[PDB]
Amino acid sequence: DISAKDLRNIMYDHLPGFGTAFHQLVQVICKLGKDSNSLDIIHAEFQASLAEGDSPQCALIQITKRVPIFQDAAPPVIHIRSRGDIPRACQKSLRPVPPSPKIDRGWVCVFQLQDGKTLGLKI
């Protein structure tokens, strides 16, 4: 049985760079996938998209659109201390949080900073 860690590493292996917004999306997909016992179908959709010739980035976006736990789901809230706990390559993707953010519209997660600041990660 594929674990959350295994799937994260499988997906990371297809991505360029490090700590990018797509890396965080992998984290969110794996976390929510584990919590809903859906790692197997997520892995299968990921591999099927690649086998079709989609880029790995496209494959990850297609997951948020084709795997039902992500359809019209809100991004998860992640509590962090400061903006510096967010990876460097994610910094320019951080945005003010919109009224009703959705994962399948590109809102990966929402960071809640300890001082009350909030930032959404947008792809």
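In case it trips you up, residue 1 is the first one in the sequence shown, and so on.
Higher mean CA temperature factor, per the PDB entry, when comparing 106-114 with 19-27: 106-114. When the C-alpha B-factors of 67-75 and 53-61 are averaged, 67-75 comes out higher. When the C-alpha B-factors of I86, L94, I42, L32 are ranked from the entry, the top spot goes to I86. Placement of the Cα temperature factor of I123 within the chain: middle third of the modelled residues, per the deposited record.
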